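Notes follow the structure.
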Amino acid sequence: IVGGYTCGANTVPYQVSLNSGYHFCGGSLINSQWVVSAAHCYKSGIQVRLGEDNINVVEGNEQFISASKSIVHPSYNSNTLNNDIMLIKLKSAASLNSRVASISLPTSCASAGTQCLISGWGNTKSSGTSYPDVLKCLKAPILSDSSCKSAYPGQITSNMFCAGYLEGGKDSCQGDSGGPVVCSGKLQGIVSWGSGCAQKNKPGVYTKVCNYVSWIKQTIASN
Ligand SMILES: N=C(N)c1ccc(/C=N/OCC(=O)O)cc1
Ligand SMILES: [Ca+2]
């Protein structure tokens with residue numbers, strides 16, 4: 019997260035870190051057994067880390083649970099990043115409490131102008147590289163589809179939206195991938211892609227979760 023703020027320990031209780039010996043992606047806990055992330059975060063041997071603030075220090079509220087299975091969206095295209103969404107099932111159910119909590123799926127899509135909270139342990143620099151150890155947060159508006167398409171000609175599908183600031187300076191970044199965009203207590207987006215980070219006229223692009231609710235529910239119901 020570039021140009022954000024320190025969230026505060028366990029203030030974003032649905033935020034997970036995906037770990038394969040090291041943090042590599044974010045995710046969002048959607049019930050005691052399931053995490054939503056980006057398909058481009060797919061790999062084998064994932065351990066889901068819940069209740070994290072400092073990802074490098076055991077602070078007392080963590081739950082580390084290995085993934086039993088991952089399900090990449092059936093129509094995920096890694097070239098275009100269309101349908102950049104994946105479900106991860108935990109080998110055992112997380113213990114839910116104030117600091118480890120699921121986030122609601124949307125019942126309707128959010129609109130341009132809605133303010134959302136974007137979070138992660140990604141790069142905090144728009145030119146250099148600096149990885150924070152504690153969770154970072156950014157409040158950002160969803161942008162209009164027209165401005166999103168104008169920013170990224172020929173690249174924005176109906177399964178994507180832009181959020182952030184056309185002026186630059188405030189954005190998600192590398193390492194935030196798969197993490198949440200939450201708007202009025204609903205998971206509306208997943209950190210997917212963008213040109214660099216926090217660049218002028220290059221806002222963050224996010225997987226449009228409201229498109230996938232049917233698939234998420236049906237998948238969970240049978241796996
Ligand atoms: N909002 C952005 N500008 C943005 C967001 C996410 C990415 C994803 N990079 O994938 C590599 C990785 O996470 O390891 C790029 C740009
Ligand atoms: Ca920790």
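Under the authors' numbering, read the sequence shown as residues 19 to 241, first letter to last. Where is the CB? At the ideal position from N, CA and C, for every residue including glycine.
Residue i versus residue j: straight-line alpha-carbon distance, rounded
i	j	result
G196	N219	22 Å
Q206	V30	15 Å
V199	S62	25 Å
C134	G182	9 Å
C215	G69	26 Å
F42	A56	11 Å
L108	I48	11 Å
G44	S84	15 Å
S162	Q173	15 Å
Check whether residue i and residue j have beta carbons under 9 Å apart
i	j	result
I160	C201	yes
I136	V209	yes
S122	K204	yes
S190	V66	no
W139	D194	yes
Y60	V34	no
Limits of the beta strand (DSSP E) - the one that residue i falls within
i	result
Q206	204 to 211
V199	198 to 201
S137	133 to 138
Contact set for residue i: own chain, Cβ-Cβ below 6 Å, skip 5 residues either direction
i	result
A27	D71
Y23	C155
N37	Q65, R67
Residue interval of the alpha helix (DSSP H) (run including residue i)
i	result
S86	Looking at the DSSP string, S86 is not in any alpha helix (DSSP H); the run it does join, the beta strand (DSSP E), is 81 to 90.
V231	231 to 239
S165	163 to 169
Cut-off 8 Å between Cβ atoms - residues of its own chain near residue i, not counting five sequence neighbours on either side
i	result
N229	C127, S176, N177
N97	none
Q217	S144, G186, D189
Burial state of residue i, where buried means 16 or more other Cβ atoms lie within 10 Å
i	result
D151	exposed
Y32	buried
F179	buried
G222	buried
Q236	exposed
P124	buried
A111	exposed
Residues near residue i by beta carbon distance below 7 Å, same chain, minus five either side
i	result
residue 270	What is shown of the chain runs 19 to 241, which leaves residue 270 out entirely.
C25	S137, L153, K154, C155
Lining residues of ligand 3 - beta-carbon closer than 6 Å to any non-hydrogen atom, in sequence order: Only ligand 1 and ligand 2 can be found as ligands here, which leaves ligand 3 out of the picture.
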